[PDB]
Participant: 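Before I ask anything, here is the structure I am working with.
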Amino acid sequence: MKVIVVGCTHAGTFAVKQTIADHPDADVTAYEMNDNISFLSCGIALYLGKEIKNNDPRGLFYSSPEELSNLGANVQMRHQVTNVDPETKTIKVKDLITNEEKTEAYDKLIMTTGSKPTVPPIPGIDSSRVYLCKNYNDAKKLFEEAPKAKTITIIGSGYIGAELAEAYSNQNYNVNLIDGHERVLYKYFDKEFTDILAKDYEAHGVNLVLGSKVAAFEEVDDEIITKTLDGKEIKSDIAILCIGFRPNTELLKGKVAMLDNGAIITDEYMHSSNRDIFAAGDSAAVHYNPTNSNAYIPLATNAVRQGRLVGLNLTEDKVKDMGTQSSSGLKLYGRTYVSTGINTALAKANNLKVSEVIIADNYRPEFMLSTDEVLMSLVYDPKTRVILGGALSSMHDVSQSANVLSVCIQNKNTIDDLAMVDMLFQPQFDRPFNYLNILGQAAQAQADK
Amino acid sequence: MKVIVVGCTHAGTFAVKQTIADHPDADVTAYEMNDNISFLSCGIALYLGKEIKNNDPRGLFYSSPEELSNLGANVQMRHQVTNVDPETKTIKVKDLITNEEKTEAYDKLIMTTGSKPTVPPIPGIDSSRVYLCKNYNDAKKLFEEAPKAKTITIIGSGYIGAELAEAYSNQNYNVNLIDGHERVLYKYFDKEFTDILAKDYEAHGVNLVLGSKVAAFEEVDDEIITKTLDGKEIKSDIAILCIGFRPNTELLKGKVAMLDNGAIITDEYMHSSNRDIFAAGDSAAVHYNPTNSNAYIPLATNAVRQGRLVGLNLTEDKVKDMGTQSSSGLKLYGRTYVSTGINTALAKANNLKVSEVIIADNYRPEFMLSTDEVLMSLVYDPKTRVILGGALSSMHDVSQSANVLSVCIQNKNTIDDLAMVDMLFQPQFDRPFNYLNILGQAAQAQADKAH
Ligand SMILES: Cc1cc2nc3c(=O)[nH]c(=O)nc-3n(C[C@H](O)[C@H](O)[C@H](O)COP(=O)(O)OP(=O)(O)OC[C@H]3O[C@@H](n4cnc5c(N)ncnc54)[C@H](O)[C@@H]3O)c2cc1C
Ligand SMILES: Cc1cc2nc3c(=O)[nH]c(=O)nc-3n(C[C@H](O)[C@H](O)[C@H](O)COP(=O)(O)OP(=O)(O)OC[C@H]3O[C@@H](n4cnc5c(N)ncnc54)[C@H](O)[C@@H]3O)c2cc1C
Ligand SMILES: Nc1ncnc2c1ncn2[C@@H]1O[C@H](COP(=O)(O)OP(=O)(O)O)[C@@H](O)[C@H]1O
Ligand SMILES: Nc1ncnc2c1ncn2[C@@H]1O[C@H](COP(=O)(O)OP(=O)(O)O)[C@@H](O)[C@H]1O
């Protein structure tokens with residue numbers, strides 16, 4: 001059977017490998033419009049920060065055309081799919097070097113076209129001093145342009161802009177970080193967490209320009225100035241846009257069911273509204289467990305799992321999607337910040353009524369020769385007491401705790417469950433009750449009044 | 001109503017505090033045979049290893065007679081409960097300073113009498129150069145007296161013995177570690193984990209004397225010679241016995257339902273077979289989730305949980321025990337070793353049929369400036385694919401991953417759930433799939449091939 005995979009980074013690479021693994025009757029073709037596949041975008045900030053082995057971006061690839069071709073896939077780089085017609089099971093594809101366009105049939109189509117960076121329709125985006133940050137070629141451009149810059153402006157303080165700002169400030173660039181929200185990582189963490197980060201930014205010489213969106217760029221002399229709606233004008237050698245992503249799904253607009261942003265809605269086996277077209281990764285919606293609904297959560301975690309499920313379910317509905325909790329994290333200036341599920345910002349934006357407790361405790365006993373404060377939040381349903389989300393931050397790497405809370409959320413466990421569930425004690429690791437147990441107990445006490 | 005707590009370390013302290021917080025009409029008396037309460041025995045190896053603040057063991061106490069008295073408890077230290085008579089609801093109590101005995105009534109009795117050290121009738125075990133290691137007074141004695149020794153022998157390589165060998169090996173004593181098993185931590189971790197620990201012991205000068213039990217001790221001059229069955233004679237200045245514990249439960253032998261070893265069987269609200277006598281901690285059996293049955297898992301985690309449940313359930317059946325998974329861990333020479341649930345050694349002892357996979361992966365990508373291998377095992381039920389246990393070890397602190405597996409066991413999650421459940425990705429922490437996901441995927445691959 002003929003299987004065509006459109007796009008080959010995280011989701012497409014996994015879909016190809018799992019398909020070939022489980023269906024030796026599959027003749028697979030991958031179309032990718034870039035001149036590369038299988039590049040780890042999630043390593044870009046460490047690469048630009050000069051914090052990967054030998055500063056060598058070859059180590060950020062987890063596959064290659066030769067590897068996939070030896071599995072037996074027909075890998076066609078610099079090829080752009082320009083049409084999909086679900087009713088006839090055909091696509092049109094353009095060779096980008098020769099401009100030659102061909103229509104071809106498929107038995108199954110896998111839409112792993114991901115997302116593109118959001119580029120706001122404002123003056124100056126065409127400047128050679130404005131940089132995107134999504135893919136290998138973007139990364140290479142930034143890494144090569146670094147020696148010619150001493151001042152960088154980063155627009156957008158989501159996960160990517162937060163990491164870049166840290167990465168450039170640790171190399172003694174002058175850094176400006178600009179966002180329309182009044183806090184960094186506004187949608188991602190409570191104020192008690194982002195206040196800590198802001199303090200660290202200012203201690204490392206980062207100029208935080210918060211509360212007004214960028215309205216324009218203007219290239220003048222060997223610099224660009226970034227201009228906010230409220231009148232500020234910020235000069236740098238270069239500027240980097242980090243204001244999010246949108247599903248790359250124009251090919252299927254009006255043809256399969258989608259969220260308002262274009263994310264392809266799928267059943268539990270990764271089929272779109274058309275049975276022979278699968279979607280996975282940043283092209284697709286996820287089943288979000290905390291609100292039992294479809295959501296857009298463009299993370300590599302979802303790309304690899306969705307890609308895997310496409311391969312598993314290619315011919316048969318064999319393995320249901322477990323859904324996801326938006327588990328994510330970062331480490332900035334040595335401090336870990338992790339979260340899973342819902343937070344109070346996202347609850348307010350969606351008119352959900354939730355409860356939350358915020359507590360701080362040393363992760364292990366004070367009699368130890370060292371310990372560190374862990375700041376913790378737990379978000380739960382006031383009526384069912386089911387856990388809906390949580391977040392932790394410490395100088396100690398508490399990241400694996402977000403995975404504990406993710407499993408709680410997956411099983412719809414309550415604050416009462418978390419309060420008492422067995423967790424190991426040894427003073428090198430924790431107090432007799434683990435800090436997650438203590439968090440649950442604090443939520444219980446709040447709920448009981 | 002009159003509440004009597006017998007024994008006051010982990011379980012008894014939690015029981016007293018929770019009881020008083022939830023039951024203003026409880027009139028609590030606490031009897032403790034020792035001259036101290038509320039000491040953290042789980043801190044002794046760090047104290048003895050000079051790895052706590054100011055090497056001050058007062059920092060290991062989580063309560064005090066003054067604190068419990070201010071809450072309204074009548075704290076009676078150096079008092080031993082010598083009899084419990086359910087038929088009259090009375091106990092007998094000896095004052096250990098004066099030898100006087102008095103009888104009193106109870107409405108509720110809370111048996112938090114814990115465990116006592118196993119001491120077999122091995123000849124010479126009585127010697128003044130043989131030390132126990134259970135409580136504050138044992139620890140204080142070792143802290144005072146070990147510096148006089150050049151060579152320390154540790155008998156028993158379970159959790160305590162292993163910790164003590166590490167602690168003393170880092171202060172440049174000669175250390176012998178003796179055990180009847182062929183591997184350190186035999187009961188607790190697979191060989192793949194314990195081979196690593198053994199070489200670390202050896203590289204820090206610890207002499208491992210494995211495979212033969214101690215048969216006799218002999219005191220000669222100012223030394224003690226420990227003699228194994230196989231003919232080895234191990235000379236040292238002192239010996240420390242770390243060969244386990246048993247329930248301290250003679251007061252109720254023949255009076256309430258127990259396991260063969262004396263552990264008091266309770267219902268989900270911590271009642272013994274006698275409605276007005278509760279049990280919590282090392283005196284009690286746990287509800288062990290992996291086998292869905294009663295077991296003896298003497299850990300602080302169970303003591304604090306069971307003590308809390310006694311206080312919550314003192315007058316009304318309010319909160320059910322969720323049971324436990326035997327989650328435990330050590331950090332030895334900077335390496336984390338953690339476990340939850342069943343292991344293959346334990347299954348093989350109880351005739352349980354399980355499957356297990358063991359894999360090793362770097363915890364985070366190889367392009368990072370550094371990463372560390374994490375060695376991992378997962379035990380699961382071949383018929384239901386349900387997770388029954390797991391273990392991890394790494395130079396990176398992967399301890400909280402054992403708690404992820406604990407929560408999976410709690411919920412009877414399968415290897416297939418573990419393979420795909422959402423866990424975060426950032427290259428500072430892990431690969432796109434977390435090492436635990438990778439573990440579940442390995443278990444899936446094994447289970448699928450074997451049919
Ligand atoms: C800088 C950065 C840091 C990130 N950090 C993290 C992190 O730490 N953890 C985490 O979990 N996630 C992180 N993310 C998100 C994560 O990288 C994405 O969710 C993931 O890359 C999505 O993978 P994908 O395969 O769905 O899509 P994409 O990576 O978007 O790849 C889609 C591919 O499809 C190709 N394509 C598109 N249209 C066509 C067409 N018409 N014809 C042919 N080919 C086409 C594109 O060229 C591209 O190669 C980060 C993202 C970025 C940009
Ligand atoms: C050295 C060591 C290290 C350990 N490490 C860990 C670890 O890292 N993590 C973990 O989870 N667990 C660990 N444990 C186990 C943990 O300490 C025990 O599970 C816990 O102490 C048991 O608490 P308890 O209150 O049940 O009993 P116990 O601490 O044994 O206390 C019972 C009390 O009852 C008193 N008593 C007994 N009989 C009478 C009587 N008749 N009258 C009056 N008083 C009486 C005793 O004097 C004692 O004070 C360790 C144990 C030791 C000894
Ligand atoms: N025009 C703009 N000027 C400044 N900030 C903007 C602008 N447009 C969007 N943003 C900000 O960019 C961020 C969007 O990034 P986000 O998608 O949430 O994270 P990430 O890009 O790392 O996935 C938000 O904090 C938002 O306020
Ligand atoms: N006579 C003996 N000689 C040497 N080792 C012994 C002897 N008796 C018991 N042991 C060992 O003592 C160890 C006790 O450890 P265990 O009870 O399982 O953990 P813990 O440190 O909590 O006490 C066991 O490995 C057992 O082999």
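These numbers come from the heavy atoms of this one structure, side chains and all, not from hydrogens, waters or symmetry mates. In what follows, chains carry the letters A, B, and so on, assigned in the order in which the sequence lines appear, proteins first and then strands, with residues in each chain numbered from 1.
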Participant: Using heavy-atom distances under 4.5 Å, tell me whether A:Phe14 contacts chain B through its side chain, its backbone, both, or neither.
Facilitator: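 Side chain of A:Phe14 only, per the 4.5 Å heavy-atom cut-off to chain B.
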Participant: Please classify the contact of B:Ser399 with chain A as side chain, backbone, both or neither, using a heavy-atom distance under 4.5 Å.
Facilitator: both
Participant: Measure B:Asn437 against the heavy atoms of chain A and call it side chain, backbone, both or neither at under 4.5 Å.
Facilitator: side chain
Participant: I'd like to know whether NZ of B:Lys320 has more than 12 heavy-atom contacts from other residues, nucleotides or ligands below 6.0 angstrom.
Facilitator: no
Participant: Do the side chain of B:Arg305 and the main chain of A:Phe433 share a donor and acceptor less than 3.5 angstrom apart?
Facilitator: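 Not confirmed, B:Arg305 side chain does not pair with A:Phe433 backbone.
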Participant: Does any backbone or side-chain atom of B:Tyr363 lie under 4.5 Å from a heavy atom of chain A? Answer side chain, backbone, both or neither.
Facilitator: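 B:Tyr363 has no heavy atom closer than 4.5 Å to chain A.
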Participant: Any idea which heavy atoms bring B:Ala300 and A:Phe425 closest together, and the distance?
Facilitator: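 It is CB-CD2, 3.8 Å.
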Participant: Could you give the distance from CG (B:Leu299) to CG (A:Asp422), rounded to the nearest 0.5 Å?
Facilitator: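 Spacing of CG (B:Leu299) from CG (A:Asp422) equals 8.0 Å.
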Participant: From B:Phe429 CZ over to A:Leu330 CG, what is the distance, rounded to the nearest 0.5 angstrom?
Facilitator: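 Interatomic distance, B:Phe429 CZ to A:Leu330 CG, rounded to 0.5 Å: 7.0 Å.
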Participant: Measure the shortest side-chain to side-chain distance between B:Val319 and A:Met420 over non-hydrogen atoms and say whether it is less than 4.5 angstrom.
Facilitator: no
Participant: Relative to chain B, which of A:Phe367, A:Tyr159, A:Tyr62 shows the most heavy atom pairs under 4.5 Å?
Facilitator: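 Result: the option with the highest number of such pairs is A:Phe367.
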Participant: Identify the two heavy atoms, one from B:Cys42 and one from A:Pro427, that lie closest to each other, and give their separation to 0.1 Å.
Facilitator: O-CG, 3.6 Å
Participant: Highest number of heavy-atom pairs under 4.5 Å with chain B: which of A:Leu60, A:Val398, A:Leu405?
Facilitator: A:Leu60
Participant: By a 4.5 Å heavy-atom criterion (distance strictly below it), what part of B:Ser370 contacts chain A: side chain, backbone, both, or neither?
Facilitator: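 Contact with chain A is absent: no heavy atom of B:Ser370 under 4.5 Å.
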Participant: Would a 4.5 Å heavy-atom cut-off, applied to side chains only, mark B:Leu40 and A:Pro432 as touching?
Facilitator: yes
Participant: For the residue pair B:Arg308 and A:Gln441, establish whether any side-chain heavy-atom pair is separated by less than 4.5 Å.
Facilitator: yes
Participant: Where the side chain of B:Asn403 meets the backbone of A:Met423, is there a donor-acceptor pair that is under 3.5 Å apart?
Facilitator: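 No, B:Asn403 side chain to A:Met423 backbone: no donor-acceptor pair under 3.5 Å.
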Participant: Among A:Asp416, A:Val404, A:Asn302, A:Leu46, who wins on heavy-atom pairs under 4.5 Å with chain B?
Facilitator: A:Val404
Participant: Please tell me if the side chains of B:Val338 and A:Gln426 come closer than 4.5 Å, counting only heavy atoms from C-beta onward.
Facilitator: no
Participant: With rounding to the nearest 0.5 angstrom, report the CG to CE distance, A:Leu418 to B:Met322.
Facilitator: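 Reported value, rounded in 0.5 Å steps: 8.5 Å.
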Participant: By a 4.5 Å heavy-atom criterion (distance strictly below it), what part of A:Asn54 contacts chain B: side chain, backbone, both, or neither?
Facilitator: neither
Participant: Tell me, please, which residues at least two apart from B:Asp317 pass side-chain hydrogen bond (donor to acceptor under 3.5 Å, both in side chains).
Facilitator: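 Per chain and number, B:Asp317 pairs via side-chain hydrogen bond (donor to acceptor under 3.5 Å, both in side chains) with B:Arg275.
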Participant: Given side chain to side chain contact (heavy atoms under 4.5 Å, CB included), test A:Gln400 with B:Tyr435 step by step and report yes or no.
Facilitator: CA-CA 11 Å; A:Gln400 297 157 61; B:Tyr435 40 89; 3.1 Å; yes
Participant: Please look at B:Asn289 and chain A and tell me whether the side chain, the backbone, both or neither of the residue comes under 4.5 angstrom of a heavy atom of that chain.
Facilitator: neither
Participant: Can you check whether B:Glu366's main-chain N or O pairs, donor with acceptor, with A:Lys53's side chain at less than 3.5 Å?
Facilitator: yes
Participant: Might you confirm whether atom NZ of B:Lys412 has over 12 heavy atoms from other residues, nucleotides or ligands at distances under 6.0 Å?
Facilitator: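 No, because the 6.0 Å sphere around NZ of B:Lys412 holds 12 heavy atoms or fewer from other groups.
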Participant: Just verifying a value: how many Å separate B:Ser406 OG and A:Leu436 CG, rounded to the nearest 0.5 Å?
Facilitator: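 Result: 11.5 Å between the selected atoms.
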Participant: In terms of heavy-atom pairs under 4.5 Å, which option from B:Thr340, B:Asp430, B:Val421 contacts chain A the most?
Facilitator: B:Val421
Participant: Closest approach of B:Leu424 and A:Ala402, non-hydrogen atoms and distance?
Facilitator: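 Smallest interatomic distance, heavy atoms only, reads CD1-CB, 3.6 Å.
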Participant: Might you point out which heavy atoms bring A:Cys408 and B:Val407 nearest each other, and give the distance in Å?
Facilitator: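 Here A:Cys408 and B:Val407 meet closest at SG-CG1, 4.1 Å.
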Participant: For a 4.5 angstrom cut-off between non-hydrogen side-chain atoms, does B:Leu369 reach A:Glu51?
Facilitator: yes
Participant: Side chains of B:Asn411 and A:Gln410, heavy atoms from C-beta outward: is any pair under 4.5 Å?
Facilitator: no
